[PDB]
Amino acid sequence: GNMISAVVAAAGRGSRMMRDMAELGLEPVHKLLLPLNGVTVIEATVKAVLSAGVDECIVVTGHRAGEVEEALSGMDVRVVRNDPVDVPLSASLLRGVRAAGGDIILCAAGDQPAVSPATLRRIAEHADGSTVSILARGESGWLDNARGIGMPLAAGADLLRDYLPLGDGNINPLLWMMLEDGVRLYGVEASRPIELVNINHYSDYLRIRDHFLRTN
């Protein structure tokens, strides 16, 4: 409880979403660079994380890093690039955690821009050295499963440094590993289910954009 660092994973490909755009006869745009709220998806995500009151925000870049970094160029973030770039989400998070000063890390997906600052703040507040907190698929409370969950989450930096090097690369298998090991996982109910939407398909982006257009 001395310092909270955010790590935003903004380094991955999003081939499915780009193909979706091509299949609509649109020019594909990488998910993080799609327009949202007068800015880009990635700027929206970072703004939410900073608005959650973290002491610093690390952003991990890789895929199309030049463009993602240019999108963020006005923002108060510390950028670290994956090199080599072809690493999975867990490795991107690890690179970010390596760059973070804090004892608690708030891990967020760059492509999940509808999480509110208030939800992120609640997630960060429930983490400690031995407790992982996470955006829940349903109601708040202790979790005995990791169905339908992944990001954002918060955890002790030492705990993340022990778990992130393990597994296949995806976050969800690590959460199941943690539960098997007896790690306490606390689910925080989303303000709105839109907060759970990561941009995998173009339809996910349109769903988020529609929410943003409604709420200004």
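A residue's number is simply how far along the shown sequence it sits, counting from 1.
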Going by the entry, of stretches 32 to 40 and 54 to 62 the one with greater average Cα B-factor is 32 to 40
When mean C-alpha B-factors in the record are compared for 127 to 135 and 111 to 119, the larger belongs to 127 to 135
Among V80, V77, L143, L94, highest Cα B-factor in the entry goes to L143
Per the deposited B-factor column, the C-alpha that peaks among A154, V68, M177, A48 belongs to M177
Binned into thirds over the chain's modelled residues, the C-alpha B-factor of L164 lands in the middle
Tertile call for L213 (CA temperature factor, within chain, third-based) is the highest
Chain-relative C-alpha B factor for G25 (record values, thirds): the highest
Of the three thirds of the chain ranked by Cα temperature factor, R207 occupies the lowest
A99: CA B-factor among chain residues, third -> middle
